[PDB]
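To begin, one chain is listed below as structure tokens, in the form deposited in one PDB entry.
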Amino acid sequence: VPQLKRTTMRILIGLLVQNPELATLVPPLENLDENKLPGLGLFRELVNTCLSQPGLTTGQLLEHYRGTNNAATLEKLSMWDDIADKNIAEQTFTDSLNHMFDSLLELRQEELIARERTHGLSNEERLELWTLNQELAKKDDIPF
């Protein structure tokens, strides 16, 4: 078992590999841009494998990826932060899903600030940035 720093995507991917039934808790991710958030593309792939192979075990899930360039990462995460308590696994998974979407909100806020600095914002973007600012105020070679 490796010692890895926690990140949101490490928690989500580790818990999903260890408990493939958590895939059915994940809302549709098809339209999200994997390029903005390291680990999101792999997480979405794993969800899709689970939903495509109901009944699968952790070992069966990992088998699909063992010849890919993510095999080492997934093997490490399959053994890391193991939570044998399904109550805690589900609650931690749901909490981290919410944190992932919070991070996408912060990434969008940063995108709007970049546009603002380079050529200004439209009325619609100004409303979005205002709501994001209020909402966010209220709130080892693995590459994510």
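The first residue of the shown sequence is 1; numbering continues from there. Each form is matched to the other, and the largest set of C-alpha atoms that superpose within 1.5 Å is called the rigid core.
What comes next is about the form deposited in another entry, which is not displayed.
- Just one of the listed positions, 29, 51, 105, 113, moves its Cα by at least 2 Å between this form and the one not shown when the rigid core is held fixed, and it is 113.
- Core-superposed comparison between this form and the one not shown: the Cα of residue 81 travels 2 Å or more.
- Core-aligned CA deviation for residue 129 between this form and the one not shown: 2 Å or greater.
- Compared with the form shown here, the Cα atoms of residue 38 and residue 84 sit 3 Å or more closer together in that other deposited form.
- In that other deposited form, the CA atoms of residue 49 and residue 82 move farther apart by at least 3 angstroms compared with the shown structure.
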